[PDB]
């Protein structure tokens, strides 16, 4: 499920990077671009059950799949930024190469998030593997 667009729990454990400045977004996307990495960007809200639901799995996946750069954006901290990204629901996952969409998942679905991660890494060119 999802919430249409606050207990103290971790959204940014493991290898997940918290994004609550616009510059960190640009810093991380620029790093991923320089390093030829896909970015997984999780736009979440701490008050949203489903965002919290997927959180520990997202964190575990960040440790299983270090080839991908895992971000979490708190939509209530970067609200103007999230609006510009047309976030309608949380959690929304964008898979981004150089900041453009290569895949997308909306909602807290563990099996499909995992499938999308493996598929996207499989389709990397030999130069990027």
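Numbering follows the first chain given and starts at 1.
The entry models residue 5 and residue 6 with a gap of 4 to 9 deposited residues left without coordinates. In this entry, 85-93 shows the higher mean Cα temperature factor of the pair 25-33 and 85-93. When the C-alpha B-factors of 35-43 and 73-81 are averaged, 73-81 comes out higher. When the CA B factors of the chain's modelled residues are split into thirds, the value for residue 110 lands in the highest one.
For residue 16, the recorded CA B-factor ranks within the lowest third of the chain. Only modelled residues enter the ranking.
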